[PDB]
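Report on the following structure.
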2 protein chains.
Amino acid sequence: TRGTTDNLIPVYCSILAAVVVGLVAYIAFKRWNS
Amino acid sequence: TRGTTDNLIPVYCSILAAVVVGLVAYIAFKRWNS
Ligand SMILES: O=C(/C=C/c1cccnc1)c1ccccc1O
């Protein structure tokens with residue numbers, strides 16, 4: 001189970017770029033409107 | 001896919017991972033102290 005848990009490095013940079021960008025606007029608006 | 005403008009997919013992940021990681025601490029602290 002080394003090629004299916006810690007080989008997601010190329011896939012992470014894709015999903016993490018989409019999630020982190022959506023988080024920057026969401027988390028900020030949540031902490032600004034809290 | 002010119003190969004000299006839209007081939008920088010892996011190189012972006014390098015600088016983007018280093019910038020976005022350093023930003024996760026800064027943006028969070030700025031939005032938390034706001
Ligand atoms: O092989 C890599 C994968 C990057 C990537 C970037 C975006 C979407 N899918 C994959 C890679 C990641 C970080 C730095 C250099 C790399 O070659």
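Each reported figure results from applying straightforward, stated rules to the coordinates on display, with no laboratory input. Neighbour counts are summed over all protein chains in view; Cβ atoms, including those assigned to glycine, are modelled from backbone coordinates with ideal geometry.
What to note about this one:
- Pair B:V21, A:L16: separation of 7 Å Cα→Cβ label points (nm): 0.7 nm
- Using the average count of surrounding beta-carbon atoms within 10 Å as a protection proxy, the listed peptides B:2-8, A:5-11 rank, highest first, as A:5-11, B:2-8.
- Residues in the stretch A:18-34 carry Karplus couplings, in order, of 6, 5, 4, 4, x, 5, 3, 6, 5, 4, 4, 4, 4, 6, 7, 9, 3 Hz; the curve used is 6.51 cos²θ - 1.76 cosθ + 1.60 with θ = phi - 60°, and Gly or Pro positions show x.
- Gain in span if fully extended, A:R31 to A:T5, counting 0.36 nm per residue against the direct Cα distance: 6.1 nm
- Projected over every direction and averaged, the convex hull enclosing the alpha-carbon atoms of the protein assembly as shown yields 6.6 nm².
- For chain A and chain B, distance of Cα centres in Å: 12 Å
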